[PDB]
Each structure stands twice: as C-alpha cells, then as structure tokens.
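Here's a solo chain for you in structure tokens, the form deposited in one PDB entry.
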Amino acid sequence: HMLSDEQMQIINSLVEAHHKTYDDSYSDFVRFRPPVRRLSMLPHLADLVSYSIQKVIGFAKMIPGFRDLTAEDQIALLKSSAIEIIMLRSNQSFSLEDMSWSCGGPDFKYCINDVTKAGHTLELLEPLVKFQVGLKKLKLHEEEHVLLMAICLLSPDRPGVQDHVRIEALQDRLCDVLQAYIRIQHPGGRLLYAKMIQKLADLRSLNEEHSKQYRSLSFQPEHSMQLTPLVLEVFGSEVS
C-alpha cells in the first residue's frame, strides 16, 4: 500500500494548479465593484463569482485529462459544476470562529447577511453555511481538498455531457487516487472518503437551489444588468 509514481504526479498537478489559481491574500478583490452593506451586495458578489469562475477554469484546464475532452464537454462540465467548485474552494476562506468567509478586513468579510443583500433568502443560505461547517470539520489535507474539487468537476451526471464514458473514467482514476491517498497518508482517516463523497451529494442540492434563485434574478433586467458577461454565460441556459 504505497502510491504509484503516477498517482503522485496527478496529486502534484492538482495541487500546483490550485496554488496557481488560488490566492490566500485575496488581493485582487480590490478590483471588484466595492461592497455595500436594493440588492447592494449584488455588484460585489457578482464580481467575486465571475472572478472565481475564471479561476475555476484555470484550475479545470490543469486537471489531468480535462484538456483532452471535447470543448463541449469541457463547457458542459464547467457550467454545471462552476458554482459547486466555487462553494468548495471558498471553504479555504470560510471561518468556523465567525461563520463567515474571511477574505480580508472589514470590507471582504462576507457573512450570511451580506449574501441576502445580493438577492438570496436567509432561508436558502442555511445549507451553504452548514455545508461549509461540515466540510471544514473534515480538516482536509490540501491533497484531498484539491482532489475533491477535481472529482466534482468530472462528475459524469451533468446535463449536456456527451462522452460520459470518458468523464467517468477520469473521475474514477481520481477517486482511486484520493482513496489511496487517504488510506496511506491520512492517519485517523478510515471513514473520511465516504464523508467526502457525501459532500458531493450536498453540492448537487446546493447547486439546484442556487440555479432556482439565480433564475429569479436573471429574469429581472434591473438585476441581471448587474451581473457580468461571464456569469451570465456560465449560469445561462443558452444551449450548444
């Protein structure tokens, strides 16, 4: 029971990819439309999400085997999983102490209330926080966190995927890497893997609810005009 010189290369890649597309100082946030605490946080959070999508795309492109999919599959996967990858990667800034995402100073500490100022219900936010708390409680190794993001992105059960035999293959190889990594490198991690797969299940429902909330926003031009072309294109139903 020892990782193969191919399983660790996959791990090397995903971890470097994450480092290349995730800044722990959050210094680009000053370039977003500033936060205001009628849907005052919408501009800021739309910018955040748009930016994060760009980052998720950069990451996805570095997932072993992703570049080889058809552009359609790459798109079909990004569109379906974008919000979930975003929810996953945000855990890095999320804080149990204050139950908010802490991206620096008074301005970039996002709490439940801030997101409601962006067209979301206090009600719909409960699960997201709960999910962040459960995910944070797992205390994932960077290897696992980064692996979980890649596995999520390569879910075959996404509307629009064509070659779902091949995405299933890439994801299984990834799942294997993670199971092996946990068994070999993660003491006390006997039941961790399954808790992680459970998280993917939680992501699907969170994705579902968001999609609904987002439709409501995107249908009112006064609100939709606050979005970005990227956000509108990624969360839009335009089908190709």
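Superpose the two forms; the largest set of C-alphas matching within 1.5 Å is the rigid core. So that there is no doubt, residue numbering starts at 1 and follows the sequence shown.
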Quiz item: Looking at the deposited sequence, how many residues between residue 37 and residue 38 were given no coordinates in the entry: none, 1 to 3, 4 to 9, or 10 or more?
Solution: 10 or more
Quiz prompt | Mean temperature factor over C-alpha atoms, higher-scoring stretch between 44-52 and 209-217 | solution = 209-217
Practice problem: Give the stretch, out of 141-149 and 162-170, with the larger mean C-alpha temperature factor in the deposited entry. | Solution: 162-170
Practice problem: Report the option among 203, 57, 191, 30 whose CA atom has the maximum B-factor in the deposited record. | Solution: 191
Exercise. Using the entry's values, work out which of 74, 121, 93, 81 has the largest Cα B factor.
Key: 121
Quiz item: What third of its chain's C-alpha B-factors does residue 112 belong to: lowest, middle or highest?
Solution: highest
Quiz item: Would the CA B-factor of residue 87 place it in the lowest, middle or highest third of its chain?
Solution: lowest
Self-check item: Third of the chain, ranked by Cα B-factor, where residue 13 sits
Solution: middle
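Beyond what is shown, the protein has a form deposited in another entry; the following relates to that form.
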Quiz item: Of 186, 210, 204, 173, which is the single residue whose C-alpha shifts by 2 angstroms or more between the shown form and the other one after core superposition?
Solution: 186
Quiz prompt | CA-CA separation of residue 156 and residue 190, closer or farther in the other form than in the form shown [shift of 3 angstroms or more] | solution = closer
